[PDB]
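We've got the same protein chain twice here, in two forms, each standing alone as structure tokens: structure 1 and structure 2.
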Structure 1
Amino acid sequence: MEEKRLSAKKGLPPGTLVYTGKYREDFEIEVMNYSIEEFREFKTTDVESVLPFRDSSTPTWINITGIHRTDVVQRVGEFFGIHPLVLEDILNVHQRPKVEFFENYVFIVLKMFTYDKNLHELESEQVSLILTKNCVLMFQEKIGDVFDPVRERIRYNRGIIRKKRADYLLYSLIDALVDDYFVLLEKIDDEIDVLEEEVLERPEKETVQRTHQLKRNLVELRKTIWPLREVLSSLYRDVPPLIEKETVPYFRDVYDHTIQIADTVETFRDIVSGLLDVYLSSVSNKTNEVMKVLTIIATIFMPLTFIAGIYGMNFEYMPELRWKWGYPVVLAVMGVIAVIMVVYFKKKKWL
């Protein structure tokens, strides 16, 4: 451990925070300040319209879609007292989920996944949350998230979310993320069902490529889901003063959910390995059949050619004047040995 400082970079001025991503098509800010009685929501683009809600009596939810504009991120972090290294972590995308507990806020890094049925690619969007005393700050890369049910609960007064503080808002966001992971695993179920129905009767190299792609996706999901278990454990077992003594059982429930998700991921990886093994066994069996045909034809015919060669030389002194002309006896011997070899093959159950 050591003191937190803005890490230096080569070919880059010290004060620059760089968005480590590839989504640069959109930007907006969602604000949902809700009390137990009334709530007001809006969408803006000016940064300064959301700064007043830092010292908010009631919980407020700020959703800054689009971090490619680092200016808004830096301004919000400066106004909310966020550490510069935390802002660097927000803009950095190529990193694993984590939390860092500070004096005034907790900083959670999370991942969102979307599965495409065309060519079977898995895409990861990093989402980060900051739980201050009276607000939740959420940053996203691009438009399109999974917290729509939480928004519906906030707007329609379904549940206890309006009667609770920002810690319940954080819990609801994490729960929505876990539900998204469950739906993603269902989609992987559908993909594995398709792969099963294809591999058994249509084996080829494209099936190998698809199987390896699915295995890579499973590896990525495990690598990103294990730190989710770590982070939920650290949330409900190392509770800071920001998180109330209550709502801890909700964090425990989410931890149980992520344990279930990790176990499901492991079983999925085992199943895809089994599919690969089935394909290997099938191609090996085809190789067996080809080997069997080749060795059977060789076993049947090579003795025949060899004996034809033995009696096909020219020495001018051979017992070639025998009863029944000899040559028919040679053919009878060859037929007998050929049918003997065929009978041995039939006894060993080849062809």
Structure 2
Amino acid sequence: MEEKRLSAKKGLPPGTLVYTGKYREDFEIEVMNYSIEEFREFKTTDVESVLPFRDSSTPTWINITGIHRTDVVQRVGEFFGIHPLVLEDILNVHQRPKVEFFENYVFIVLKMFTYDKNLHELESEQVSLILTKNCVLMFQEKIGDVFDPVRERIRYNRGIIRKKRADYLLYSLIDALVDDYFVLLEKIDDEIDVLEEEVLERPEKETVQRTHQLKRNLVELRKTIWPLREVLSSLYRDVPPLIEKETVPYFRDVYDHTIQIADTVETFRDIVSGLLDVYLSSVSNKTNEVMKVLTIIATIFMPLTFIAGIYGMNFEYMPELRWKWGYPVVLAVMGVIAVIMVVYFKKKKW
């Protein structure tokens, strides 16, 4: 059944905090409280050093890496007044990407993908962003993020990340995630080109194995991509009071980027759909080449042995016997027949 069990929390009261993932080996909390002139980094493994940041007058980024410790999530939700439904949605790894607007906080569930070239498998990691007042609570399940450019921008002023509020921080996170989606898309395009070359040139069983693997990966990827458009459309069109109405054009930009991503995914899906038909026709072409060889040999050598059998049948009073010289005439006749048949088949077309 593997680690794809959706029946986790099958029979359980609503709001029960159960981790449904497969990463239970790590934990950390990174707090980045940045203001217009000072910024403070902080790393810990205890929540009580992180809770008093909800009352800050400056944006604060809280990244809780590792959600297997459900006590941390429960404490954070209890202090921030988070609905238990939101908490169990955070701890549900198989959650569909989505956005929910509440009275005080905006809840977002997104996914980031990792592609392995050596082993062609597409791994997924769920990230939950809660934008509450001037705070952005991040929940993920393992170390390794695509938000390092945001950290560099906060630490070193490469932009206006420190001049704006927490909504712009949420923007920067979403944009970094979309950029990771773009780089994953180009890696998948490279894989597409490799598989197209293989199906065109050298068909084999591992070829269709890898093609099926890629098709399943693209199906899962498209299933994840499509709700991201709705998430960004909700963050864009019906602006909640948490979004300060000044970051809306930026969310429009990310929405356009998601549109581009969806179009590229559809193109990849079309190519993959054509790939197996191309493979089948290539195998048929190789069989046709073998067919041409077989029919050429058969046509050259079947009439010749036919004539040999005709001249090998025995009885008295053979007209071909008492002849001038039987062998030269028959050999010349078969040579002419073979030459004209080779001109027909191999010289002209095959």
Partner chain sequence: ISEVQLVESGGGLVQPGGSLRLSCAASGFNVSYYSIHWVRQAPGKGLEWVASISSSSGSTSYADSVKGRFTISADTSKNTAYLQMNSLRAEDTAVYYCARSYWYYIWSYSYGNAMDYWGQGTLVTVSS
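Here, rigid core means the biggest group of C-alpha atoms that superpose within 1.5 Å across both forms. Residue numbering: sequential along structure 1, first residue numbered 1.
Participant: Given that just one of these two is the form deposited without its partner chain, which number is it?
Facilitator: It is the second structure (the form deposited without its partner chain) rather than the first.
Participant: After superposing on the rigid core, which residue out of 320, 26, 38, 41 has its C-alpha displaced by 2 Å or more between structure 1 and structure 2?
Facilitator: Just 320.
Participant: When the rigid core is used for the superposition, does residue 51 move between structure 1 and structure 2 (threshold: C-alpha shift of 2 Å or more)?
Facilitator: Result for residue 51: no, shift under 2 Å.
Participant: Please check if residue 299 moves between structure 1 and structure 2, taking a CA shift of 2 Å or more relative to the superposed core as movement.
Facilitator: The answer is yes; the displacement is at least 2 Å.
Participant: What Cα shift, in Å, does residue 338 show between structure 1 and structure 2 once the core is superposed?
Facilitator: The shift comes out to 11.4 Å.
Participant: So, with the core fitted, how far does residue 189 move at its Cα between structure 1 and structure 2, in angstrom?
Facilitator: Once the two forms are fitted on their core, the shift reads 1.5 Å.
Participant: What is the Cα shift of residue 230 between structure 1 and structure 2 once the core is superposed, in angstrom?
Facilitator: So the C-alpha of residue 230 has moved 0.4 Å between structure 1 and structure 2.
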